[PDB]
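Peer 1: So here's target_25.pdb, just PDB, C-alpha atoms:
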```pdb
ATOM      1  CA  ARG P 545       3.795 -10.455 -22.747  1.00  0.00           C
ATOM      2  CA  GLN P 546       1.582 -12.417 -20.342  1.00  0.00           C
ATOM      3  CA  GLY P 547       1.033 -15.992 -21.365  1.00  0.00           C
ATOM      4  CA  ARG P 548       2.472 -16.920 -24.764  1.00  0.00           C
ATOM      5  CA  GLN P 549      -0.733 -17.737 -26.588  1.00  0.00           C
ATOM      6  CA  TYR P 550      -3.345 -17.394 -23.920  1.00  0.00           C
ATOM      7  CA  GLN P 551      -6.991 -17.929 -24.944  1.00  0.00           C
ATOM      8  CA  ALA P 552      -7.065 -14.682 -26.925  1.00  0.00           C
ATOM      9  CA  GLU P 553     -10.099 -16.160 -28.695  1.00  0.00           C
ATOM     10  CA  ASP P 554     -12.179 -15.540 -25.556  1.00  0.00           C
ATOM     11  CA  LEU P 555     -10.273 -13.835 -22.749  1.00  0.00           C
ATOM     12  CA  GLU P 556     -12.996 -12.274 -20.551  1.00  0.00           C
ATOM     13  CA  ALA P 557     -12.627 -15.056 -17.980  1.00  0.00           C
ATOM     14  CA  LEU P 558      -8.983 -14.058 -17.603  1.00  0.00           C
ATOM     15  CA  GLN P 559      -9.873 -10.428 -16.912  1.00  0.00           C
ATOM     16  CA  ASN P 560     -12.308 -11.656 -14.265  1.00  0.00           C
ATOM     17  CA  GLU P 561      -9.649 -13.897 -12.709  1.00  0.00           C
ATOM     18  CA  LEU P 562      -7.175 -11.010 -12.640  1.00  0.00           C
ATOM     19  CA  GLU P 563      -9.780  -8.856 -10.893  1.00  0.00           C
ATOM     20  CA  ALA P 564     -10.060 -11.638  -8.320  1.00  0.00           C
ATOM     21  CA  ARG P 565      -6.269 -11.691  -8.032  1.00  0.00           C
ATOM     22  CA  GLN P 566      -6.291  -7.930  -7.405  1.00  0.00           C
ATOM     23  CA  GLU P 567      -8.768  -8.508  -4.596  1.00  0.00           C
ATOM     24  CA  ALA P 568      -6.183 -11.040  -3.418  1.00  0.00           C
ATOM     25  CA  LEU P 569      -3.547  -8.301  -3.711  1.00  0.00           C
ATOM     26  CA  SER P 570      -5.482  -6.096  -1.321  1.00  0.00           C
ATOM     27  CA  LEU P 571      -6.282  -8.897   1.124  1.00  0.00           C
ATOM     28  CA  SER P 572      -2.750 -10.300   1.212  1.00  0.00           C
ATOM     29  CA  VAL P 573      -1.005  -6.937   1.530  1.00  0.00           C
ATOM     30  CA  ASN P 574      -3.292  -5.796   4.350  1.00  0.00           C
ATOM     31  CA  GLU P 575      -2.951  -9.117   6.182  1.00  0.00           C
ATOM     32  CA  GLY P 576       0.829  -9.144   5.882  1.00  0.00           C
ATOM     33  CA  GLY P 577       1.115  -5.559   7.065  1.00  0.00           C
ATOM     34  CA  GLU P 578      -1.131  -6.026  10.081  1.00  0.00           C
ATOM     35  CA  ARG P 579       0.534  -9.282  11.124  1.00  0.00           C
ATOM     36  CA  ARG P 580       4.059  -7.933  10.755  1.00  0.00           C
ATOM     37  CA  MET P 581       3.330  -4.745  12.684  1.00  0.00           C
ATOM     38  CA  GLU P 582       1.540  -6.616  15.484  1.00  0.00           C
ATOM     39  CA  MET P 583       4.533  -8.918  15.816  1.00  0.00           C
ATOM     40  CA  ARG P 584       6.779  -5.829  15.715  1.00  0.00           C
ATOM     41  CA  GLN P 585       4.853  -4.565  18.742  1.00  0.00           C
ATOM     42  CA  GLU P 586       5.427  -7.980  20.308  1.00  0.00           C
ATOM     43  CA  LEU P 587       9.121  -7.490  19.511  1.00  0.00           C
ATOM     44  CA  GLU P 588       9.028  -4.146  21.311  1.00  0.00           C
ATOM     45  CA  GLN P 589       7.402  -5.754  24.349  1.00  0.00           C
ATOM     46  CA  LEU P 590      10.047  -8.485  24.359  1.00  0.00           C
ATOM     47  CA  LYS P 591      12.752  -5.830  24.063  1.00  0.00           C
ATOM     48  CA  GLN P 592      11.472  -3.963  27.108  1.00  0.00           C
ATOM     49  CA  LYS P 593      11.220  -7.249  28.990  1.00  0.00           C
TER      50      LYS P 593
ATOM     51  CA  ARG A 545     -23.218  10.815 -13.500  1.00  0.00           C
ATOM     52  CA  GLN A 546     -19.734  12.298 -13.173  1.00  0.00           C
ATOM     53  CA  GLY A 547     -19.192  15.539 -14.949  1.00  0.00           C
ATOM     54  CA  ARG A 548     -22.414  17.042 -16.306  1.00  0.00           C
ATOM     55  CA  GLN A 549     -21.597  17.241 -19.990  1.00  0.00           C
ATOM     56  CA  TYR A 550     -17.858  17.360 -19.345  1.00  0.00           C
ATOM     57  CA  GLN A 551     -16.515  17.291 -22.906  1.00  0.00           C
ATOM     58  CA  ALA A 552     -18.145  13.951 -23.728  1.00  0.00           C
ATOM     59  CA  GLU A 553     -17.689  14.854 -27.411  1.00  0.00           C
ATOM     60  CA  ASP A 554     -14.073  13.687 -27.121  1.00  0.00           C
ATOM     61  CA  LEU A 555     -13.439  12.402 -23.606  1.00  0.00           C
ATOM     62  CA  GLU A 556     -10.214  10.418 -24.124  1.00  0.00           C
ATOM     63  CA  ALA A 557      -8.003  12.473 -21.812  1.00  0.00           C
ATOM     64  CA  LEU A 558     -10.379  12.112 -18.860  1.00  0.00           C
ATOM     65  CA  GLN A 559      -9.783   8.359 -18.768  1.00  0.00           C
ATOM     66  CA  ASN A 560      -6.078   8.954 -18.189  1.00  0.00           C
ATOM     67  CA  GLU A 561      -7.022  11.448 -15.484  1.00  0.00           C
ATOM     68  CA  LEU A 562      -9.110   8.730 -13.849  1.00  0.00           C
ATOM     69  CA  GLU A 563      -6.065   6.459 -13.882  1.00  0.00           C
ATOM     70  CA  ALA A 564      -4.304   8.905 -11.575  1.00  0.00           C
ATOM     71  CA  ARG A 565      -7.442   8.945  -9.434  1.00  0.00           C
ATOM     72  CA  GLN A 566      -7.425   5.149  -9.472  1.00  0.00           C
ATOM     73  CA  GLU A 567      -3.831   5.179  -8.262  1.00  0.00           C
ATOM     74  CA  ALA A 568      -4.657   7.664  -5.509  1.00  0.00           C
ATOM     75  CA  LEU A 569      -7.394   5.226  -4.504  1.00  0.00           C
ATOM     76  CA  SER A 570      -5.025   2.454  -3.453  1.00  0.00           C
ATOM     77  CA  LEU A 571      -2.632   4.822  -1.708  1.00  0.00           C
ATOM     78  CA  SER A 572      -5.472   6.723  -0.057  1.00  0.00           C
ATOM     79  CA  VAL A 573      -6.876   3.462   1.295  1.00  0.00           C
ATOM     80  CA  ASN A 574      -3.678   1.492   1.890  1.00  0.00           C
ATOM     81  CA  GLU A 575      -2.465   4.193   4.263  1.00  0.00           C
ATOM     82  CA  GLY A 576      -5.815   4.900   5.899  1.00  0.00           C
ATOM     83  CA  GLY A 577      -6.744   1.400   6.982  1.00  0.00           C
ATOM     84  CA  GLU A 578      -3.208   0.698   8.145  1.00  0.00           C
ATOM     85  CA  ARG A 579      -3.319   3.764  10.381  1.00  0.00           C
ATOM     86  CA  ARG A 580      -6.549   2.709  12.071  1.00  0.00           C
ATOM     87  CA  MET A 581      -5.277  -0.866  12.021  1.00  0.00           C
ATOM     88  CA  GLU A 582      -2.112   0.399  13.688  1.00  0.00           C
ATOM     89  CA  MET A 583      -4.029   2.016  16.529  1.00  0.00           C
ATOM     90  CA  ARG A 584      -6.190  -1.107  16.795  1.00  0.00           C
ATOM     91  CA  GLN A 585      -3.133  -3.064  17.894  1.00  0.00           C
ATOM     92  CA  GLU A 586      -2.041  -0.178  20.101  1.00  0.00           C
ATOM     93  CA  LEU A 587      -5.570   0.071  21.468  1.00  0.00           C
ATOM     94  CA  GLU A 588      -5.473  -3.614  22.343  1.00  0.00           C
ATOM     95  CA  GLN A 589      -2.057  -3.101  23.905  1.00  0.00           C
ATOM     96  CA  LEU A 590      -3.364  -0.136  25.869  1.00  0.00           C
ATOM     97  CA  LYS A 591      -6.350  -2.177  27.020  1.00  0.00           C
ATOM     98  CA  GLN A 592      -4.071  -5.016  28.077  1.00  0.00           C
ATOM     99  CA  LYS A 593      -1.851  -2.592  29.962  1.00  0.00           C
TER     100      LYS A 593
ATOM    101  CA  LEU U 841      -4.270   5.171  29.212  1.00  0.00           C
ATOM    102  CA  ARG U 842      -8.062   5.536  29.217  1.00  0.00           C
ATOM    103  CA  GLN U 843      -7.672   9.106  27.977  1.00  0.00           C
ATOM    104  CA  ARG U 844      -5.352   7.632  25.355  1.00  0.00           C
ATOM    105  CA  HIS U 845      -8.190   5.216  24.570  1.00  0.00           C
ATOM    106  CA  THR U 846     -10.545   8.155  24.068  1.00  0.00           C
ATOM    107  CA  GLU U 847      -8.097   9.846  21.697  1.00  0.00           C
ATOM    108  CA  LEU U 848      -7.544   6.532  19.909  1.00  0.00           C
ATOM    109  CA  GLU U 849     -11.293   6.139  19.438  1.00  0.00           C
ATOM    110  CA  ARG U 850     -11.435   9.672  18.038  1.00  0.00           C
ATOM    111  CA  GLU U 851      -8.643   8.858  15.587  1.00  0.00           C
ATOM    112  CA  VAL U 852     -10.264   5.544  14.658  1.00  0.00           C
ATOM    113  CA  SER U 853     -13.570   7.269  13.929  1.00  0.00           C
ATOM    114  CA  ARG U 854     -11.843   9.932  11.832  1.00  0.00           C
ATOM    115  CA  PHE U 855      -9.816   7.445   9.786  1.00  0.00           C
ATOM    116  CA  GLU U 856     -12.748   5.051   9.397  1.00  0.00           C
ATOM    117  CA  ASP U 857     -14.928   7.850   8.041  1.00  0.00           C
ATOM    118  CA  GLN U 858     -12.260   9.329   5.766  1.00  0.00           C
ATOM    119  CA  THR U 859     -11.431   5.900   4.348  1.00  0.00           C
ATOM    120  CA  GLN U 860     -15.113   5.106   3.802  1.00  0.00           C
ATOM    121  CA  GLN U 861     -15.769   8.320   1.889  1.00  0.00           C
ATOM    122  CA  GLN U 862     -12.527   8.338  -0.097  1.00  0.00           C
ATOM    123  CA  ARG U 863     -12.952   4.697  -1.097  1.00  0.00           C
ATOM    124  CA  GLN U 864     -16.576   5.312  -2.094  1.00  0.00           C
ATOM    125  CA  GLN U 865     -15.782   8.287  -4.335  1.00  0.00           C
ATOM    126  CA  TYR U 866     -12.663   6.701  -5.829  1.00  0.00           C
ATOM    127  CA  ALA U 867     -14.495   3.420  -6.467  1.00  0.00           C
ATOM    128  CA  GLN U 868     -17.312   5.344  -8.148  1.00  0.00           C
ATOM    129  CA  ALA U 869     -14.769   7.142 -10.340  1.00  0.00           C
ATOM    130  CA  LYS U 870     -13.166   3.763 -11.075  1.00  0.00           C
ATOM    131  CA  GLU U 871     -16.570   2.380 -12.065  1.00  0.00           C
ATOM    132  CA  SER U 872     -17.004   5.461 -14.250  1.00  0.00           C
ATOM    133  CA  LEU U 873     -13.704   4.648 -15.960  1.00  0.00           C
ATOM    134  CA  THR U 874     -14.823   1.046 -16.436  1.00  0.00           C
ATOM    135  CA  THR U 875     -18.139   2.197 -17.907  1.00  0.00           C
ATOM    136  CA  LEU U 876     -16.205   4.453 -20.279  1.00  0.00           C
ATOM    137  CA  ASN U 877     -13.758   1.777 -21.454  1.00  0.00           C
ATOM    138  CA  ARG U 878     -16.555  -0.843 -21.585  1.00  0.00           C
ATOM    139  CA  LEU U 879     -19.447   1.002 -23.235  1.00  0.00           C
ATOM    140  CA  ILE U 880     -17.188   3.455 -25.090  1.00  0.00           C
ATOM    141  CA  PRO U 881     -13.581   2.197 -25.223  1.00  0.00           C
ATOM    142  CA  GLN U 882     -13.257   4.346 -28.346  1.00  0.00           C
ATOM    143  CA  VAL U 883     -16.399   2.516 -29.463  1.00  0.00           C
ATOM    144  CA  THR U 884     -17.453   6.050 -30.369  1.00  0.00           C
ATOM    145  CA  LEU U 885     -15.106   5.547 -33.330  1.00  0.00           C
ATOM    146  CA  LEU U 886     -17.296   2.697 -34.570  1.00  0.00           C
ATOM    147  CA  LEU U 887     -20.293   4.885 -33.783  1.00  0.00           C
ATOM    148  CA  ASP U 888     -18.312   7.642 -35.525  1.00  0.00           C
ATOM    149  CA  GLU U 889     -21.343   9.944 -35.152  1.00  0.00           C
ATOM    150  CA  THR U 890     -22.056   9.123 -38.793  1.00  0.00           C
TER     151      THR U 890
ATOM    152  CA  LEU I 841      13.638 -14.032  25.051  1.00  0.00           C
ATOM    153  CA  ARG I 842      16.705 -13.741  22.814  1.00  0.00           C
ATOM    154  CA  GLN I 843      15.659 -16.978  21.115  1.00  0.00           C
ATOM    155  CA  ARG I 844      12.198 -15.449  20.748  1.00  0.00           C
ATOM    156  CA  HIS I 845      13.788 -12.352  19.205  1.00  0.00           C
ATOM    157  CA  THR I 846      15.736 -14.494  16.744  1.00  0.00           C
ATOM    158  CA  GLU I 847      12.586 -16.360  15.730  1.00  0.00           C
ATOM    159  CA  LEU I 848      10.734 -13.046  15.480  1.00  0.00           C
ATOM    160  CA  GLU I 849      13.383 -11.706  13.104  1.00  0.00           C
ATOM    161  CA  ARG I 850      13.003 -14.884  11.059  1.00  0.00           C
ATOM    162  CA  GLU I 851       9.255 -14.224  10.977  1.00  0.00           C
ATOM    163  CA  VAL I 852       9.844 -10.609   9.910  1.00  0.00           C
ATOM    164  CA  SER I 853      11.954 -11.897   7.039  1.00  0.00           C
ATOM    165  CA  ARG I 854       9.249 -14.393   6.070  1.00  0.00           C
ATOM    166  CA  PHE I 855       6.522 -11.737   6.132  1.00  0.00           C
ATOM    167  CA  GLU I 856       8.635  -9.326   4.093  1.00  0.00           C
ATOM    168  CA  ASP I 857       9.409 -11.993   1.492  1.00  0.00           C
ATOM    169  CA  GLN I 858       5.743 -12.947   1.189  1.00  0.00           C
ATOM    170  CA  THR I 859       4.602  -9.324   0.991  1.00  0.00           C
ATOM    171  CA  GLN I 860       7.195  -8.425  -1.631  1.00  0.00           C
ATOM    172  CA  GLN I 861       6.535 -11.436  -3.839  1.00  0.00           C
ATOM    173  CA  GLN I 862       2.753 -11.071  -3.707  1.00  0.00           C
ATOM    174  CA  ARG I 863       2.733  -7.293  -4.179  1.00  0.00           C
ATOM    175  CA  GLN I 864       5.083  -7.358  -7.161  1.00  0.00           C
ATOM    176  CA  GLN I 865       3.411 -10.322  -8.877  1.00  0.00           C
ATOM    177  CA  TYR I 866      -0.084  -8.919  -8.440  1.00  0.00           C
ATOM    178  CA  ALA I 867       1.096  -5.452  -9.521  1.00  0.00           C
ATOM    179  CA  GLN I 868       2.294  -6.921 -12.814  1.00  0.00           C
ATOM    180  CA  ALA I 869      -1.056  -8.709 -12.992  1.00  0.00           C
ATOM    181  CA  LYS I 870      -2.657  -5.289 -12.480  1.00  0.00           C
ATOM    182  CA  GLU I 871      -0.641  -3.903 -15.387  1.00  0.00           C
ATOM    183  CA  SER I 872      -1.634  -6.808 -17.638  1.00  0.00           C
ATOM    184  CA  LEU I 873      -5.309  -6.435 -16.722  1.00  0.00           C
ATOM    185  CA  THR I 874      -5.128  -2.701 -17.398  1.00  0.00           C
ATOM    186  CA  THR I 875      -3.606  -3.366 -20.817  1.00  0.00           C
ATOM    187  CA  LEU I 876      -6.371  -5.854 -21.609  1.00  0.00           C
ATOM    188  CA  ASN I 877      -9.224  -3.641 -20.402  1.00  0.00           C
ATOM    189  CA  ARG I 878      -7.721  -0.625 -22.210  1.00  0.00           C
ATOM    190  CA  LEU I 879      -6.612  -1.954 -25.599  1.00  0.00           C
ATOM    191  CA  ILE I 880      -9.121  -4.817 -25.820  1.00  0.00           C
ATOM    192  CA  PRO I 881     -11.992  -4.443 -23.338  1.00  0.00           C
ATOM    193  CA  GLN I 882     -14.089  -6.634 -25.638  1.00  0.00           C
ATOM    194  CA  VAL I 883     -12.614  -4.819 -28.620  1.00  0.00           C
ATOM    195  CA  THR I 884     -12.127  -8.447 -29.616  1.00  0.00           C
ATOM    196  CA  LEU I 885     -15.929  -8.678 -29.677  1.00  0.00           C
ATOM    197  CA  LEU I 886     -15.966  -5.627 -31.943  1.00  0.00           C
ATOM    198  CA  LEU I 887     -13.537  -7.650 -34.044  1.00  0.00           C
ATOM    199  CA  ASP I 888     -15.831 -10.615 -33.284  1.00  0.00           C
ATOM    200  CA  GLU I 889     -13.398 -12.836 -35.211  1.00  0.00           C
ATOM    201  CA  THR I 890     -15.729 -11.907 -38.051  1.00  0.00           C
TER     202      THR I 890
END
```
Take the structure in the file and write it out as structure tokens.
Peer 2:
Amino acid sequence: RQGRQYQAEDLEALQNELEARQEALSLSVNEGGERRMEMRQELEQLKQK
Amino acid sequence: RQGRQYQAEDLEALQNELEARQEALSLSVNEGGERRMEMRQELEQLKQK
Amino acid sequence: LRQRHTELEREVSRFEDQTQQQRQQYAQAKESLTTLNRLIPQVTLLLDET
Amino acid sequence: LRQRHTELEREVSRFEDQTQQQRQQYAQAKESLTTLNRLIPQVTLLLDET
């Protein structure tokens, strides 16, 4: 389902990497949201101008 | 540590309960931060104004 | 706008707190789930209370 | 300013594409990690390839 034969013999490292990638989930989503809304506010300012 | 004896004899169902809790974690945070983050930008804007 | 700043600071404090608590309790429950499915991911079946 | 607005819309599209792609991909990663830590959180060690 993920990978096709993917180090099933010893997979703990992969769980750790996926935990890191979930941290990346949080970081990336928060960063994207904040940046896009700040530039939306910039859009609003430009609109009023 | 959570629950006091809390049906430890056969606790399976609780894990699924925790999953819902886990979900409500992300939501509960993803919204929260954004909100404060939102006002942060607005605050800056206000300050600038 | 300075009164708006005061209200914004109030809201920021409220949300900061609420997020801190909620994340703490939910993370502790998450760690509880991990302890369950790590120490006893139906490992009680191998224990089997024999 | 209209050119700025056009570029800003382009940037909105770029941010939305990035956010979508990352959120989906890492959500499926979340599902895979949950399956691992549920069905085989070192249940392979219980198996131990004995």
Peer 1: Determine, counting all atoms listed in the file, which protein, DNA and RNA residues have an atom within 12 Å of an atom of segment 583-590 of chain P; residues of the same chain fewer than 2 positions away are not included. Present the result as JSON, numbers by chain.
Peer 2: {"P": [576, 577, 578, 579, 580, 581, 592, 593], "A": [582, 583, 584, 585, 586, 587, 588, 589, 590, 593], "I": [841, 842, 843, 844, 845, 846, 847, 848, 849, 850, 851, 852, 853, 855]}
Peer 1: Env of residue 867 of chain U: 12 Å cut, atoms = only C-alpha atoms, seq-sep filter 4 positions within chain, self excluded. Answer as a short mmCIF file (atom, residue, chain, number, x, y, z; two decimals) with C-alpha atoms, keeping the file's coordinate frame.
Peer 2:
```
data_model
loop_
_atom_site.label_atom_id
_atom_site.label_comp_id
_atom_site.auth_asym_id
_atom_site.auth_seq_id
_atom_site.Cartn_x
_atom_site.Cartn_y
_atom_site.Cartn_z
CA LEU A 562 -9.11 8.73 -13.85
CA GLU A 563 -6.06 6.46 -13.88
CA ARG A 565 -7.44 8.94 -9.43
CA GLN A 566 -7.42 5.15 -9.47
CA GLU A 567 -3.83 5.18 -8.26
CA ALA A 568 -4.66 7.66 -5.51
CA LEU A 569 -7.39 5.23 -4.50
CA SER A 570 -5.03 2.45 -3.45
CA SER A 572 -5.47 6.72 -0.06
CA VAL A 573 -6.88 3.46 1.30
CA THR U 859 -11.43 5.90 4.35
CA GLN U 860 -15.11 5.11 3.80
CA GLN U 861 -15.77 8.32 1.89
CA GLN U 862 -12.53 8.34 -0.10
CA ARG U 863 -12.95 4.70 -1.10
CA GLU U 871 -16.57 2.38 -12.06
CA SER U 872 -17.00 5.46 -14.25
CA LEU U 873 -13.70 4.65 -15.96
CA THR U 874 -14.82 1.05 -16.44
#
```
Peer 1: In Å, how far is it from atom CA of residue 878 of chain U to atom CA of residue 885 of chain I?
Peer 2: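 Atom CA of residue 885 of chain I lies 11.3 Å from atom CA of residue 878 of chain U.
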Peer 1: Could you state the separation of atom CA of residue 571 of chain A and atom CA of residue 868 of chain U in Å, given to one decimal place?
Peer 2: 16.0 Å
Peer 1: If I take atom CA of residue 876 of chain U and atom CA of residue 556 of chain A, how far is one from the other in Å, to one decimal?
Peer 2: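 Computing the Euclidean distance for atom CA of residue 876 of chain U and atom CA of residue 556 of chain A yields 9.3 Å.
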Peer 1: Fit chain U to chain I, all Cα atoms paired in order, least squares. Then write it as a compact mmCIF listing (two decimals) with C-alpha atoms, keeping the file's coordinate frame.
Peer 2:
```txt
# COMPACT_ATOMS: atom_id res chain seq x y z
CA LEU U 841 14.37 -11.70 24.81
CA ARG U 842 17.34 -11.84 22.43
CA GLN U 843 16.27 -15.33 21.37
CA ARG U 844 12.82 -13.80 20.90
CA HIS U 845 14.56 -11.18 18.75
CA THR U 846 16.09 -13.93 16.63
CA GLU U 847 12.70 -15.58 16.14
CA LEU U 848 11.15 -12.18 15.40
CA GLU U 849 13.80 -11.54 12.75
CA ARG U 850 13.04 -14.95 11.24
CA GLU U 851 9.33 -14.12 11.13
CA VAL U 852 10.02 -10.66 9.71
CA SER U 853 12.16 -12.13 6.93
CA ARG U 854 9.50 -14.73 6.12
CA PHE U 855 6.64 -12.22 6.01
CA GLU U 856 8.70 -9.64 4.11
CA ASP U 857 9.57 -12.20 1.45
CA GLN U 858 6.06 -13.66 1.18
CA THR U 859 4.53 -10.19 0.91
CA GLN U 860 7.08 -9.14 -1.72
CA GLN U 861 6.40 -12.16 -3.92
CA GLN U 862 2.63 -12.22 -3.46
CA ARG U 863 2.34 -8.50 -4.17
CA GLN U 864 4.56 -8.83 -7.24
CA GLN U 865 2.55 -11.67 -8.78
CA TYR U 866 -0.83 -10.17 -7.87
CA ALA U 867 0.21 -6.75 -9.19
CA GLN U 868 1.38 -8.38 -12.42
CA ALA U 869 -1.98 -10.15 -12.73
CA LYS U 870 -3.69 -6.83 -12.00
CA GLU U 871 -1.64 -5.18 -14.74
CA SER U 872 -2.66 -8.06 -17.01
CA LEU U 873 -6.30 -7.32 -16.22
CA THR U 874 -5.72 -3.63 -16.95
CA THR U 875 -4.04 -4.48 -20.26
CA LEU U 876 -7.03 -6.66 -21.12
CA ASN U 877 -9.68 -4.06 -20.27
CA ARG U 878 -7.57 -1.28 -21.86
CA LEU U 879 -6.32 -2.82 -25.11
CA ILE U 880 -9.25 -5.26 -25.39
CA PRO U 881 -12.16 -4.21 -23.14
CA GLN U 882 -14.35 -6.14 -25.58
CA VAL U 883 -12.58 -4.05 -28.22
CA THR U 884 -12.32 -7.44 -29.91
CA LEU U 885 -16.00 -6.86 -30.72
CA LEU U 886 -15.05 -3.81 -32.78
CA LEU U 887 -12.22 -5.87 -34.22
CA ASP U 888 -14.85 -8.60 -34.62
CA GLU U 889 -12.24 -10.74 -36.42
CA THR U 890 -13.95 -9.62 -39.62
```
Peer 1: Mind running chain I against chain U at 10 Å and telling me each contacting residue's nearest atom pair with the distance in Å (one decimal), counting only C-alpha atoms, chain and number ascending, as JSON lines?
Peer 2:
```
{"residue": "I:877", "atom": "CA", "partner": "U:877", "partner_atom": "CA", "distance": 7.1}
{"residue": "I:878", "atom": "CA", "partner": "U:877", "partner_atom": "CA", "distance": 6.5}
{"residue": "I:879", "atom": "CA", "partner": "U:881", "partner_atom": "CA", "distance": 8.1}
{"residue": "I:880", "atom": "CA", "partner": "U:881", "partner_atom": "CA", "distance": 8.3}
{"residue": "I:881", "atom": "CA", "partner": "U:878", "partner_atom": "CA", "distance": 6.1}
{"residue": "I:882", "atom": "CA", "partner": "U:878", "partner_atom": "CA", "distance": 7.5}
{"residue": "I:883", "atom": "CA", "partner": "U:881", "partner_atom": "CA", "distance": 7.9}
{"residue": "I:886", "atom": "CA", "partner": "U:883", "partner_atom": "CA", "distance": 8.5}
```
Peer 1: Could you dump the residues just selected with C-alpha atoms as a PDB file, keeping the file's coordinate frame?
Peer 2:
```pdb
ATOM      1  CA  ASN I 877      -9.224  -3.641 -20.402  1.00  0.00           C
ATOM      2  CA  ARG I 878      -7.721  -0.625 -22.210  1.00  0.00           C
ATOM      3  CA  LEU I 879      -6.612  -1.954 -25.599  1.00  0.00           C
ATOM      4  CA  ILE I 880      -9.121  -4.817 -25.820  1.00  0.00           C
ATOM      5  CA  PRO I 881     -11.992  -4.443 -23.338  1.00  0.00           C
ATOM      6  CA  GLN I 882     -14.089  -6.634 -25.638  1.00  0.00           C
ATOM      7  CA  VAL I 883     -12.614  -4.819 -28.620  1.00  0.00           C
ATOM      8  CA  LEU I 886     -15.966  -5.627 -31.943  1.00  0.00           C
TER       9      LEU I 886
END
```
